[PDB]
Amino acid sequence: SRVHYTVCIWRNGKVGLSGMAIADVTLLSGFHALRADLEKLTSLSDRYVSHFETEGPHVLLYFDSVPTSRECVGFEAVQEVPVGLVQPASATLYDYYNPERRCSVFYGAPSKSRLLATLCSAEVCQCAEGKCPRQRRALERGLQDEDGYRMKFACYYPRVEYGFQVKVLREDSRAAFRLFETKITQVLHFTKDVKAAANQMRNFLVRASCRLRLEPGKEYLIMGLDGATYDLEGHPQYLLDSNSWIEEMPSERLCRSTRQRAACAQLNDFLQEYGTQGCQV
Amino acid sequence: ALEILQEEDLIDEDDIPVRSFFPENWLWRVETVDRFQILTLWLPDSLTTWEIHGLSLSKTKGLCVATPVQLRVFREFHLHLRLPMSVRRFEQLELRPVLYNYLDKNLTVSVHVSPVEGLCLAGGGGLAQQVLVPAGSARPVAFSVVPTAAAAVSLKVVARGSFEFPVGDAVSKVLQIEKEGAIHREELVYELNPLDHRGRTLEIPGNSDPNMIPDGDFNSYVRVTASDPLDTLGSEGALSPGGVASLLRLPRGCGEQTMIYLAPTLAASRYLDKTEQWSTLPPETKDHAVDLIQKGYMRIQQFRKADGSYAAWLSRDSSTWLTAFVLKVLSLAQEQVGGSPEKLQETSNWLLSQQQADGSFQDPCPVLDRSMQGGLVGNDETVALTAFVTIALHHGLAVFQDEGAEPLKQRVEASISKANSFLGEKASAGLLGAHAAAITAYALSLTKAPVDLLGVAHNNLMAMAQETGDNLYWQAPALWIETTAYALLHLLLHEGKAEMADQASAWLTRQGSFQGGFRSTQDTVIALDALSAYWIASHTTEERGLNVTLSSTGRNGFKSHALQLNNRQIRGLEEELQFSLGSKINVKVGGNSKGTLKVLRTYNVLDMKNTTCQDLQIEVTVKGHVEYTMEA
Amino acid sequence: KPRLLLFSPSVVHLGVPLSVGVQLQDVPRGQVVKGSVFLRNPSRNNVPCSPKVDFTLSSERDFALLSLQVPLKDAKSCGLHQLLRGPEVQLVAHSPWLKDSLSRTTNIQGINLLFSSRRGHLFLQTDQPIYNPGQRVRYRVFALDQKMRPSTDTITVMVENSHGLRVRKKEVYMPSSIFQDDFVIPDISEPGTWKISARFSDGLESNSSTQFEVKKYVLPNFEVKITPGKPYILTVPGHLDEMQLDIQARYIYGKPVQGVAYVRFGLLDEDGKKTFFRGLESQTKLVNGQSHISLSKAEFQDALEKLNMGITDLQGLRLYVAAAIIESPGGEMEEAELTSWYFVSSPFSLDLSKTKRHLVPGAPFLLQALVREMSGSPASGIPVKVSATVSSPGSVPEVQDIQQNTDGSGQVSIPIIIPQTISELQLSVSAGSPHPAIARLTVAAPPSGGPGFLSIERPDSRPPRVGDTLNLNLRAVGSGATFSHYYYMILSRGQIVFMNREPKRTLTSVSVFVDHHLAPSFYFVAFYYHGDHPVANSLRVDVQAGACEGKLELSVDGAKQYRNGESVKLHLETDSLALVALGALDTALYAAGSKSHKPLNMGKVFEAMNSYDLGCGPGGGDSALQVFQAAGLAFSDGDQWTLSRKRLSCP
Ligand SMILES: *[C@@H]1O[C@H](CO)[C@@H](O)[C@H](O)[C@H]1NC(C)=O
Ligand SMILES: *[C@@H]1O[C@H](CO)[C@@H](O)[C@H](O)[C@H]1NC(C)=O
């Protein structure tokens with residue numbers, strides 16, 4: 001319905017350039033500020049904001065004095081249309097007499113964060129945006145088929161670059177990620193790190209806001225697109241995101257049972273065949 | 001209610017012409033237009049206004065430049081995206097596409113940045129943001145992105161309008177990712193002076209500094225500045241323009257009087273030639289002077305006695321001094337006037353038989369008036385005459401040409417060597433008069449005497465030297481004027497544009513300027529030749545050029561660059577060249593000009609602390625409840 | 001009694017045909033003289049520096065206009081390239097008439113000239129006026145001759161960077177007479193202006209150039225324009241005019257910007273120090289893409305008082321306006337800055353270049369002045385008053401007051417009548433009111449006892465069109481009419497273009513057809529003889545209707561309003577088979593530039609054409625030698641002749 005803004009400006013630049021300030025603030029994608037609230041702000045005796053203008057998500061505020069201590073002005077905005085993508089926005093403060101001298105700051109929605117989700121190891125960083133949980137066990141569902149589209153998924157669309165059946169050892173957390181530390185039971189495919197092999201320690205991260213459930217001590221089939229961060233001990237490191245394949249492998253009893261009977265054998269037949277044959281003949 | 005959406009009931013992007021070609025200047029082709037031409041241009045995708053150059057060049061009608069045509073392209077519904085100059089990798093930035101609606105209807109548009117390899121973008125790039133733009137209004141559709149790529153990524157912003165109103169636009173534009181670290185530059189300055197042994201060869205080291213990023217950009221530039229003196233010069237010259245032209249007088253009387261007229265007339269013509277003052281005189285004066293020289297040459301050969309000797313009247317016994325003086329005049333006149341060479345060859349041969357056993361020469365019947373000889377009564381007359389005949393013989397030596405004169409030259413040059421030996425011996429022996437020493441040194445320097453002889457004559461004159469009253473050394477007697485002229489020519493011959501020569505010329509020029517010119521006889525003939533020779537000598541010597549040869553071995557292997565700021569005409573010329581290299585450059589400096597060499601090494605250095613938001617500050621907090629779709 | 005006259009330009013251009021005039025005075029009805037004229041005399045023997053051209057003259061064909069080639073090979077071979085000190089050369093006419101008739105000691109008569117290797121016209125243009133570092137600069141140079149036709153001679157071009165150092169050098173032979181080239185700006189280059197220079201290979205003096213700027217920029221989407229109501233402000237205490245400005249901001253595709261213009265004010269000095277007012281800043285929202293703002297007299301006086309400054313101190317300086325507009329809601333912001341608003345003491349300005357000096361005692365003096373808005377355009381219909389004091393001819397001084405309004409293009413032309421034996425003329429000019437613009441001019445009269453004078457009277461003061469015939473009225477003043485003819489010639493671009501003769505009559509009128517060769521400025525020189533003394537006068541005529549000899553007309557057939565990616569039929573029209581050089585600039589580049597540079601245009605071409613004009617001042621002189629030298633000529637009659645000038649400078 002509505003949202004509430006608080007804008008504060010100040011300066012430490014008494015040593016530096018002096019001058020009045022123009023605050024250019026950009027609202028959330030669907031919100032426009034109420035003119036009635038802003039004009040009431042503009043008519044106050046000690047207003048601070050001595051002039052204003054708005055259209056759409058944009059508010060210009062002229063401050064004819066900038067003090068060392070915080071000078072804050074609040075106002076409100078009403079939502080034209082739903083927000084379609086969870087994202088920050090920016091506010092930019094220009095000196096009236098030196099627009100080259102400025103301060104530009106990102107801010108976020110109240111539930112959301114200041115910056116985009118990104119994974120970093122040493123000198124390399126990698127995008128972490130996207131909905132993590134494939135979380136797919138086909139054996140106990142009606143969607144499982146004997147068609148044998150697992151290879152078609154891996155090779156053609158959406159196409160897979162790495163593939164392992166992995167034993168999850170621990171579930172940890174770092175920054176905005178939950179980190180599954182794993183040991184490779186068998187290698188099925190690689191693109192990066194052709195020298196990957198069984199019994200190597202690996203890291204499979206998942207974004208902390210994602211609700212993926214992966215149990216330590218169990219063995220999962222994990223396939224997806226190559227990362228770019230790598231572990232601190234040198235091993236290439238992976239991130240679970242959209243189009244990654246996450247599937248729990250069944251027992252003999254949970255293959256022998258009627259619901260997935262012989263379909264589980266087809267899954268096993270693919271798993272060995274793809275790991276030896278490779279994607280293309 | 002008010003938050004209703006139209007999700008995926010919109011134009012499907014495939015049917016949206018995507019805008020991608022954004023040049024800053026185009027249509028640079030040159031076309032042959034036979035009176036009429038039509039070019040079917042395909043417009044670029046940038047909505048601006050174009051100004052079109054037009055220059056028409058033709059063989060028959062020459063250059064015509066047309067009044068520029070203004071051509072502006074406008075879409076009525078469009079998206080505009082200003083990308084920054086460059087954005088650092090792994091540093092979040094806000095992309096701010098703006099939708100513009102110039103229709104009379106409100107438009108509802110779904111905007112998203114297409115998923116691209118190399119950019120990290122809100123929700124993975126699949127999510128799209130509906131926005132509504134009033135009629136005649138615009139609205140920003142800011143997107144926040146952080147770039148992962150190391151070089152460049154093309155990003156496409158897509159705006160899908162309603163199916164009710166199929167408005168739509170798309171902008172594909174290439175984002176430049178700044179290299180790791182930040183640019184830094186070091187300039188190494190070395191003053192240049194290849195004159196003598198100082199900085200002819202040197203070796204310059206690179207940047208040891210481990211602050212450099214190894215795989216970043218690396219460029220190095222070499223450039224050099226040369227500086228000539230800014231002085232306004234001390235040289236004087238330009239003895240009166242019109243006084244020298246008043247010496248041109250047609251020979252009237254017999255031989256000696258003819259020579260009294262002809263010798264300044266030739267000397268004035270040679271001075272006016274050598275000093276280039278014809279432009280400041282009546283234009284046909286040179287023609288008159290040359291006709292006077294031609295008249296003089298025709299006149300004098302009617303008084304020429306038995307193969308090459310002269311007296312004013314044929315009955316009189318030939319004068320050695322006049323014959324030498326006539327030889328000196330007519331050997332120089334040979335340049336202007338194509339006289340007979342063999343007659344001059346005979347005249348020099350006659351002087352050879354006036355030499356004694358050694359180098360000494362004598363005159364068995366001098367000229368009637370001593371004014372020709374400079375008042376050479378008494379003193380070192382025999383020594384001065386011996387030098388004077390040697391000077392005349394040296395001028396005559398140039399006449400010898402072709403096989404017939406090859407032996408004739410040989411006897412004269414051997415005689416010149418014997419004369420040179422005597423002249424150096426006389427200078428060595430002791431205290432001659434200043435007049436005798438100056439003419440002896442002049443004669444020796446003309447004949448390129450060995451330094452054993454030439455130097456002693458030069459040094460003895462310095463010991464004799466006495467200041468005339470201003471500066472240097474020899475109103476004033478004719479002897480002082482004549483002696484200074486010999487000394488000035490000797491100094492110029494021994495050392496070109498000598499510092500001592502400058503002072504002597506200044507005094508002699510002042511002496512020449514009494515009431516518009518010299519009125520005396522023998523001195524003027526020598527002085528005009530000396531002053532003109534000085535003026536040529538001062539302007540002849542011009543130092544130009546500096547040559548810096550650079551070589552190094554590196555990433556690009558063996559490489560060598562030679563750059564010279566000469567080119568014959570230095571147009572205040574300074575020059576810069578690129579020379580990327582390793583960490584050592586070998587410098588070889590040639591030429592002859594003062595200068596400054598700058599080697600500029602530019603590379604990426606570690607980023608260091610942030611500058612922004614250290615003076616100005618802004619802070620913003622937001623509270624409330626935001627309506628979201630597809631958050632989960 | 002009889003005379004040989006030799007006329008030529010005072011400066012010889014090597015590789016350029018030199019127009020030489022030759023003429024006979026008081027030569028018997030049947031007498032005939034024949035000879036040869038040629039260029040001569042480095043101090044290398046007396047070698048000719050040109051071929052010879054022969055003239056044949058009769059009593060009934062007593063003048064001839066000759067084309068003397070001066071080629072590079074002969075100038076090189078004679079020794080002008082080895083010459084010391086100044087570049088000076090002789091023109092020489094050779095005829096036995098000087099021997100046979102005048103009994104000189106020569107058969108030669110000449111003139112002493114200067115020379116230059118500067119020749120042709122070199123033009124050059126660039127891909128853009130402003131580039132980013134690391135961007136490819138395309139450019140091309142055009143090589144034309146003195147005749148203004150494409151030249152194939154080898155040219156040398158060099159690129160000089162922002163620091164000032166040569167970065168590149170090319171010397172190339174031109175088959176098509178255009179050199180197209182490209183280079184890339186160093187990525188680390190400092191912002192600043194770059195300069196491209198071009199010469200002919202043989203032309204060490206053939207300077208020509210164009211400049212561009214390098215700057216880091218992102219291409220704007222709108223341009224903001226600060227336009228004063230009048231580009232001057234009166235600081236006279238009688239009435240400080242009110243400061244008001246129409247501030248505009250417009251998208252480069254034409255539509256008006258919507259947003260807020262944040263404007264600041266101050267005083268800017270000559271050095272470049274701008275002292276801003278603290279206070280008086282104006283914030284205004286655009287309406288129809290415009291905002292009208294003004295600075296009140298009370299606000300301004302208080303602001304000056306705030307700076308402890310008086311209105312009497314404002315004889316210099318200028319009122320500085322800088323506006324930073326932020327687009328709403330887009331958020332793009334670009335700045336405009338106005339440095340044209342000088343504080344002035346008069347709204348008008350007087351230009352007295354047109355007024356001739358050294359005017360004939362006993363003939364009307366023509367006071368010509370251009371009245372212009374101070375830092376603006378010519379003032380139309382402004383009343384100008386001229387106060388002319390004729391200083392004592394022995395009688396008491398007198399003052400002549402004549403008033404006239406500016407006819408057009410600021411032109412006022414007032415005929416103040418000057419009587420004989422004026423000691424000197426003192427002129428005071430006052431134009432317009434309120435606050436008159438004033439200028440004062442003093443000019444000395446010819447020395448006493450002259451041989452005679454020549455009145456050149458121009459009835460039509462309008463600049464004649466190319467193709468219009470101009471009529472000039474020639475009247476002898478001050479001496480008996482023994483002569484039966486007066487002789488005249490037309491000098492253009494430093495060359496004698498036409499020479500002819502008109503017999504004396506009552507109110508003699510000579511017709512000058514203004515052809516394309518006389519554009520843009522020419523000198524009319526005419527003379528007659530009184531006994532053995534030449535009498536001459538000269539008048540400058542500007543031709544301001546200049547246009548192409550042929551044409552180039554670019555057009556787009558249609559109503560414009562094209563959309564992106566559409567087909568545009570660009571139409572090119574011309575009068576010959578021509579090489580048409582095209583280029584389409586985004587106009588944002590003009591807005592981006594810190595110092596905008598005008599493109600290459602026809603006015604620059606005509607200005608380049610007249611750089612060879614040796615003429616100095618509006619003409620006239622105290623003596624015929626001065627008149628000829630002022631026109632740009634060198635002259636000799638055998639007794640009176642012209643010393644070489646101090647190059648083109650005319651100090
Ligand atoms: C169009 O937008 C204007 C401006 O808010 C509004 O008054 C009008 O009701 C809108 N019309 C429609 C059909 O949404
Ligand atoms: C010719 O151009 C050069 C380079 O800018 C300059 O040094 C020289 O003074 C110029 N000469 C003239 C006569 O303008």
# chains A, B, ... in the order shown; residues from 1 in each chain; ligands from 1
$ residues_near_ligand --ligand "ligand 2" --cutoff "8 Å" --atoms "only C-alpha atoms and all ligand atoms" --output "CSV table (one decimal) with C-alpha atoms, in the first residue's frame"
chain,number,residue,atom,x,y,z
B,571,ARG,CA,59.5,24.1,-36.8
B,572,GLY,CA,59.8,24.4,-33.1
C,197,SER,CA,49.1,20.7,-39.3
C,205,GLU,CA,55.7,28.5,-45.2
C,206,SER,CA,52.4,26.8,-46.3
C,207,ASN,CA,50.8,26.9,-42.8
C,208,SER,CA,47.3,25.5,-42.5
$ interface_residues --of "chain A" --to "chain C" --cutoff "12 Å" --atoms "only C-alpha atoms" --output "MDAnalysis selection string"
chainID A and resid 18:27 32:33 50:65 90:100
$ residues_near_ligand --ligand "ligand 1" --cutoff "10 Å" --atoms "only C-alpha atoms and all ligand atoms" --output "ChimeraX atom specification"
/B:104-108,132-137
$ select_by_dssp --residues "segment 370-579 of chain C" --states "strand (DSSP E or B)" --output "NGL selection string"
:C and (370-373 or 378 or 383-390 or 398-405 or 408 or 411-417 or 424-431 or 437-444 or 453-457 or 469-477 or 485-492 or 495-503 or 509-513 or 521-530 or 533-542 or 552-556 or 562 or 567-579)
$ residues_around --residues "segment 188-194 of chain B" --least-positions-apart "6" --cutoff "12 Å" --atoms "only C-alpha atoms" --output "mmCIF file with N, CA, C and O atoms, in the first residue's frame"
data_model
loop_
_atom_site.group_PDB
_atom_site.id
_atom_site.type_symbol
_atom_site.label_atom_id
_atom_site.label_comp_id
_atom_site.auth_asym_id
_atom_site.auth_seq_id
_atom_site.Cartn_x
_atom_site.Cartn_y
_atom_site.Cartn_z
ATOM 1 N N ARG B 200 76.108 11.291 -24.235
ATOM 2 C CA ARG B 200 75.957 10.591 -25.509
ATOM 3 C C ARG B 200 75.365 9.193 -25.344
ATOM 4 O O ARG B 200 74.572 8.752 -26.185
ATOM 5 N N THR B 201 75.730 8.475 -24.283
ATOM 6 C CA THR B 201 75.186 7.135 -24.079
ATOM 7 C C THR B 201 74.845 6.894 -22.615
ATOM 8 O O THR B 201 75.628 7.227 -21.721
ATOM 9 N N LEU B 202 73.660 6.326 -22.382
ATOM 10 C CA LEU B 202 73.141 6.084 -21.041
ATOM 11 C C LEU B 202 72.099 4.973 -21.112
ATOM 12 O O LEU B 202 71.596 4.638 -22.188
ATOM 13 N N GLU B 203 71.779 4.412 -19.945
ATOM 14 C CA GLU B 203 70.840 3.301 -19.826
ATOM 15 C C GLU B 203 69.871 3.579 -18.685
ATOM 16 O O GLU B 203 70.295 3.896 -17.569
ATOM 17 N N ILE B 204 68.582 3.461 -18.966
ATOM 18 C CA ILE B 204 67.514 3.890 -18.062
ATOM 19 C C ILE B 204 66.806 2.654 -17.521
ATOM 20 O O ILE B 204 66.403 1.790 -18.309
ATOM 21 N N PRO B 205 66.640 2.525 -16.204
ATOM 22 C CA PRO B 205 65.942 1.371 -15.626
ATOM 23 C C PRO B 205 64.434 1.562 -15.535
ATOM 24 O O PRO B 205 63.920 2.677 -15.437
ATOM 25 N N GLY B 206 63.720 0.435 -15.575
ATOM 26 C CA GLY B 206 62.275 0.438 -15.455
ATOM 27 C C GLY B 206 61.777 0.623 -14.032
ATOM 28 O O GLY B 206 62.491 1.096 -13.145
ATOM 29 N N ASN B 207 60.518 0.233 -13.819
ATOM 30 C CA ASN B 207 59.865 0.337 -12.513
ATOM 31 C C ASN B 207 60.012 -0.965 -11.726
ATOM 32 O O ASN B 207 59.380 -1.976 -12.053
ATOM 33 N N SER B 220 54.087 2.295 -22.602
ATOM 34 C CA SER B 220 55.195 3.201 -22.330
ATOM 35 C C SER B 220 55.421 4.127 -23.517
ATOM 36 O O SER B 220 55.386 3.691 -24.672
ATOM 37 N N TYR B 221 55.646 5.408 -23.225
ATOM 38 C CA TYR B 221 55.789 6.452 -24.234
ATOM 39 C C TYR B 221 57.117 7.180 -24.066
ATOM 40 O O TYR B 221 57.523 7.502 -22.944
ATOM 41 N N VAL B 222 57.789 7.440 -25.187
ATOM 42 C CA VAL B 222 59.074 8.132 -25.218
ATOM 43 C C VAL B 222 58.933 9.413 -26.036
ATOM 44 O O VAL B 222 58.461 9.378 -27.178
ATOM 45 N N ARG B 223 59.316 10.544 -25.442
ATOM 46 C CA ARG B 223 59.139 11.840 -26.083
ATOM 47 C C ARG B 223 60.251 12.785 -25.648
ATOM 48 O O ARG B 223 60.769 12.684 -24.532
ATOM 49 N N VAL B 224 60.612 13.709 -26.541
ATOM 50 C CA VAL B 224 61.835 14.494 -26.404
ATOM 51 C C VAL B 224 61.591 15.931 -26.856
ATOM 52 O O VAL B 224 60.935 16.176 -27.874
ATOM 53 N N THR B 225 62.121 16.879 -26.081
ATOM 54 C CA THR B 225 61.998 18.312 -26.327
ATOM 55 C C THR B 225 63.389 18.917 -26.473
ATOM 56 O O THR B 225 64.251 18.686 -25.621
ATOM 57 N N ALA B 226 63.607 19.693 -27.535
ATOM 58 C CA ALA B 226 64.859 20.417 -27.723
ATOM 59 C C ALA B 226 64.628 21.917 -27.576
ATOM 60 O O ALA B 226 63.615 22.449 -28.043
ATOM 61 N N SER B 227 65.575 22.592 -26.923
ATOM 62 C CA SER B 227 65.477 24.014 -26.598
ATOM 63 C C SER B 227 66.685 24.768 -27.144
ATOM 64 O O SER B 227 67.810 24.565 -26.673
ATOM 65 N N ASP B 228 66.457 25.636 -28.143
ATOM 66 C CA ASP B 228 67.510 26.535 -28.598
ATOM 67 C C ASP B 228 67.543 27.807 -27.755
ATOM 68 O O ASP B 228 66.550 28.170 -27.116
ATOM 69 N N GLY B 545 69.190 19.896 -34.993
ATOM 70 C CA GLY B 545 68.953 18.476 -34.826
ATOM 71 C C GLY B 545 69.402 17.841 -33.527
ATOM 72 O O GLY B 545 70.442 18.186 -32.958
ATOM 73 N N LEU B 546 68.587 16.897 -33.056
ATOM 74 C CA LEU B 546 68.895 16.017 -31.936
ATOM 75 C C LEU B 546 68.375 14.633 -32.293
ATOM 76 O O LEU B 546 67.252 14.506 -32.790
ATOM 77 N N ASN B 547 69.181 13.602 -32.049
ATOM 78 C CA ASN B 547 68.857 12.251 -32.493
ATOM 79 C C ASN B 547 68.999 11.307 -31.308
ATOM 80 O O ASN B 547 70.096 11.150 -30.760
ATOM 81 N N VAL B 548 67.890 10.683 -30.920
ATOM 82 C CA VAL B 548 67.831 9.776 -29.781
ATOM 83 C C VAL B 548 67.480 8.391 -30.302
ATOM 84 O O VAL B 548 66.381 8.178 -30.832
ATOM 85 N N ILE B 585 65.997 0.065 -20.888
ATOM 86 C CA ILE B 585 66.058 0.698 -22.202
ATOM 87 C C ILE B 585 67.429 1.340 -22.404
ATOM 88 O O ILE B 585 67.924 2.060 -21.530
ATOM 89 N N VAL B 587 69.936 3.832 -24.341
ATOM 90 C CA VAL B 587 69.754 5.142 -24.958
ATOM 91 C C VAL B 587 71.080 5.593 -25.563
ATOM 92 O O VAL B 587 72.098 5.663 -24.863
ATOM 93 N N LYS B 588 71.058 5.897 -26.861
ATOM 94 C CA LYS B 588 72.195 6.453 -27.590
ATOM 95 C C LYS B 588 71.771 7.794 -28.174
ATOM 96 O O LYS B 588 70.822 7.857 -28.962
ATOM 97 N N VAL B 589 72.474 8.858 -27.792
ATOM 98 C CA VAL B 589 72.074 10.230 -28.097
ATOM 99 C C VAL B 589 73.068 10.841 -29.076
ATOM 100 O O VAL B 589 74.273 10.902 -28.798
ATOM 101 N N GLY B 590 72.557 11.298 -30.222
ATOM 102 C CA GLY B 590 73.355 11.952 -31.234
ATOM 103 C C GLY B 590 72.796 13.323 -31.578
ATOM 104 O O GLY B 590 71.761 13.752 -31.060
ATOM 105 N N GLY B 591 73.509 14.007 -32.472
ATOM 106 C CA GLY B 591 73.118 15.348 -32.869
ATOM 107 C C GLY B 591 73.901 16.436 -32.162
ATOM 108 O O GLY B 591 75.039 16.212 -31.741
ATOM 109 N N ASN B 592 73.300 17.619 -32.022
ATOM 110 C CA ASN B 592 74.002 18.766 -31.457
ATOM 111 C C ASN B 592 73.031 19.861 -31.038
ATOM 112 O O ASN B 592 73.097 20.986 -31.545
ATOM 113 N N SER B 593 72.128 19.543 -30.113
ATOM 114 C CA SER B 593 71.177 20.516 -29.597
ATOM 115 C C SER B 593 70.843 20.165 -28.155
ATOM 116 O O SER B 593 70.738 18.987 -27.806
ATOM 117 N N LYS B 594 70.685 21.191 -27.324
ATOM 118 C CA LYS B 594 70.264 20.971 -25.948
ATOM 119 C C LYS B 594 68.822 20.488 -25.927
ATOM 120 O O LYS B 594 67.991 20.935 -26.724
ATOM 121 N N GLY B 595 68.515 19.574 -25.014
ATOM 122 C CA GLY B 595 67.161 19.080 -24.954
ATOM 123 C C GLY B 595 66.832 18.371 -23.659
ATOM 124 O O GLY B 595 67.628 18.342 -22.718
ATOM 125 N N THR B 596 65.627 17.800 -23.632
ATOM 126 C CA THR B 596 65.106 17.062 -22.489
ATOM 127 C C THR B 596 64.396 15.812 -22.987
ATOM 128 O O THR B 596 63.500 15.905 -23.831
ATOM 129 N N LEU B 597 64.793 14.653 -22.469
ATOM 130 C CA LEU B 597 64.172 13.383 -22.822
ATOM 131 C C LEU B 597 63.278 12.915 -21.679
ATOM 132 O O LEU B 597 63.713 12.862 -20.523
ATOM 133 N N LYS B 598 62.033 12.573 -22.009
ATOM 134 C CA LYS B 598 61.057 12.082 -21.042
ATOM 135 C C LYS B 598 60.603 10.688 -21.446
ATOM 136 O O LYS B 598 60.088 10.495 -22.552
ATOM 137 N N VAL B 599 60.794 9.724 -20.550
ATOM 138 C CA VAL B 599 60.316 8.358 -20.732
ATOM 139 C C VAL B 599 59.154 8.156 -19.771
ATOM 140 O O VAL B 599 59.325 8.261 -18.550
ATOM 141 N N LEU B 600 57.976 7.865 -20.316
ATOM 142 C CA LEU B 600 56.747 7.774 -19.540
ATOM 143 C C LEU B 600 56.293 6.322 -19.491
ATOM 144 O O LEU B 600 56.034 5.712 -20.534
ATOM 145 N N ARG B 601 56.194 5.775 -18.282
ATOM 146 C CA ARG B 601 55.768 4.399 -18.064
ATOM 147 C C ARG B 601 54.425 4.422 -17.347
ATOM 148 O O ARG B 601 54.312 4.983 -16.252
ATOM 149 N N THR B 602 53.410 3.825 -17.969
ATOM 150 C CA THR B 602 52.054 3.803 -17.437
ATOM 151 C C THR B 602 51.597 2.363 -17.255
ATOM 152 O O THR B 602 51.782 1.531 -18.149
#
